[PDB]
Structure formats: C-alpha cells, structure tokens
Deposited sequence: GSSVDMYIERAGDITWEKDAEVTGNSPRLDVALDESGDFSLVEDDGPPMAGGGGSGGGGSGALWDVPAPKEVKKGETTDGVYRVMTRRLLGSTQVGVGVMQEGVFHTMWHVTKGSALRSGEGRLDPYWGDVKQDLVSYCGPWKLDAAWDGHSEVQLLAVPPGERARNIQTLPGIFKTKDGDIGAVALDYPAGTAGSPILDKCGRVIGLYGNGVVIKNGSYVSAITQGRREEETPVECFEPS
C-alpha cells in the first residue's frame, strides 16, 4: 500500500538558490501508509502518462494515484530505475558543463529548486554527472533539470552526459 501525491510543476526557476488520462505531468511524492501515519519513500516524475522513479523506492510495487492504480512497466535494478504504465520517456541529457537545477522534494517539506554544477564521476561504463548535495532519506527520485526545464536525471542516480553522445 504505496501511493503518490503531486508536489508541483517541473520548471526551472530563475531566482533559485545557488551553489558554487488520469495522472497529470508533474513531480510526485512516493508515499507509503503505516497504521500510524505515512512516510515519504521517494520522489518521481510524471511525463507523458508515464511515472518514473527509482527501483529502490518501490521495488516494482504498484502505486495508487488518487482514485486509480498504476502498474509497473519497465524496471532495472542495476540502473535503479522503474517506469509505470509505459516505457521510459525521460530521454534528455546533460551537456556536461552547464549548471543544473535539482528540484528537491524532501519529505515533509515544500519542493524547491537549487542550482548547482555536477561533478563528473569517472566510471568504467562512462563519465557521469553527480549532484553533490545531501538531502534526507526519501528525497531520492527528485528530478534534475536543464535550463529548458527538461529532466536530465534523478537525484541519486547520476546525470547522463551526452556531448560525446
């Protein structure tokens, strides 16, 4: 018994804090109900009728969105990703040198944007971008945005670089 709650629109804010059918487009909290209350297990992105979050957040469990239900469609544990009622839609990528915005949606708190420049973490599958910020447990899946409001990654999973593309 896990459910999602819409938290806001996915948009780049110009005055941002700086560092150095049934399911509407938006950013959602991923919640789970305990007898006593409920806990934010993560965050996800609704785009083109597909919900996107990270595997560790749901482990493929179904999600009820308002009145309806959402069923898992694609998932990969190695990548730690999962999409619901539709294949993966988030195709945007990071140029590899521009500042991004983390649309942080921490548990119990209002969503916010925060500009930052990812580090490039060198790994044996490719260079990848990493948002070097610390947010609570449950903030995972918060969207990472480019200047055009497009989702180039999700918090905690890296940002793909495609200048070499």
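Engineer: Tell me which segments of the deposited chain sequence are not represented by C-alpha atoms in this structure.
Structural biologist: In sequence order, the gaps with no modelled C-alpha are 1 to 4, 25 to 74, 220 to 241.
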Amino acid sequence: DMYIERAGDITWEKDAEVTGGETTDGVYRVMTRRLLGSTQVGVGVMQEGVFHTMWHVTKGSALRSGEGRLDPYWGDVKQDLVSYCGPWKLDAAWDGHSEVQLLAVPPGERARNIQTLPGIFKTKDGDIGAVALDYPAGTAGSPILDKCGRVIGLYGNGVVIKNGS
From here on, numbers count along this sequence of modelled residues.
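Engineer: Comparing 120 to 128 with 105 to 113, where is the mean C-alpha B-factor higher?
Structural biologist: In the deposited entry, the stretch with the higher C-alpha B-factor mean is 120 to 128.
Engineer: Identify the stretch, either 49 to 57 or 33 to 41, whose C-alpha atoms have the larger mean B-factor according to the entry.
Structural biologist: Per the deposited B-factors, the answer is 33 to 41.
Engineer: Can you tell me whether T19 has a C-alpha B-factor in the lowest, middle or highest third compared with the other modelled residues of the same chain?
Structural biologist: Highest third - that is where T19 ends up once the chain's C-alpha B-factors are sorted.
Engineer: Going by the recorded CA B-factors, say which third of the chain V27 sits in, lowest, middle or highest.
Structural biologist: Ranked within chain, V27 CA B lands in the middle tercile.
Engineer: Relative to the other modelled residues in the chain, which third contains the C-alpha temperature factor of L133: lowest, middle or highest?
Structural biologist: Within its chain, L133 is a lowest-third residue by C-alpha B-factor, going by the deposited values.
Engineer: Name the third of the chain's ranked CA B-factors that contains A62, choosing lowest, middle or highest.
Structural biologist: Tercile = middle for this residue's CA B-factor.
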